[PDB]
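Taking it in order: structure first as structure tokens, then the write-up.
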Amino acid sequence: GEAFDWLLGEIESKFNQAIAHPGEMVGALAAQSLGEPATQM
Amino acid sequence: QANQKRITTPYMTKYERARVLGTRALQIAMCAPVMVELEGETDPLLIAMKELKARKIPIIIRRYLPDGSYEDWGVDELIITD
């Protein structure tokens, strides 16, 4: 019983830490991640 | 905007906590009053990092929504990620 109540406690905290941060520069991230493999292709 | 109806994450984005501990440490580094009891601390970044965990920092963050409006969150109202 207490494991389940403890489990729902972290599924919230772990999720709310995944949410994208307002202000991230995304185009810098998606431009570099598609072209960084390119050097090895 | 009103204190009601604020739409933004309550958490403090890692960009805000980077500029809060920077701006606070720059104040402490110039003769600025310290909110928290300091014990063996000559370094401002460690002091400002300590004020943050105690939620004593006197700064309100003004978040501009993309449509031109803004919201004012004090550093106590926000929830420290780490």
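From first to last, the protein sequence lines stand for chains A and F.
Each residue of the first sequence is one higher than the one before, starting from 1062 at the first, in the entry's author numbering.
Each residue of the second sequence is one higher than the one before, starting from 46 at the first, in the entry's author numbering.
A virtual CB, placed ideally from N, CA and C, is assigned to each residue, including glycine.
Worksheet item: For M94 (chain F), which residues of its own chain have a beta-carbon under 7 Å away from its beta-carbon, when the five flanking residues on both sides are left out?
Response: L66
Fill in: Short-range partners of chain A found in the segment 67-97 of chain F, where Cβ spacing is below 8 Å
none
Worksheet item: Expressed to the nearest angstrom, what Euclidean distance is found between the alpha-carbon atoms of residue 161 (chain F) and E84 (chain F)?
Response: A question about residue 161 (chain F) goes unanswered here, because the residues of chain F that appear run from 46 up to 127.
Worksheet item: In terms of DSSP beta bridges, what is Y109 (chain F) paired with?
Response: F:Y115
Worksheet entry | Through-space distance from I92 (chain F) to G1070 (chain A), alpha-carbon basis | 31 Å
Worksheet item: Can you tell me whether DSSP reads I73 (chain F) as helix, strand or coil?
Response: Here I73 (chain F) sits in helix by DSSP.
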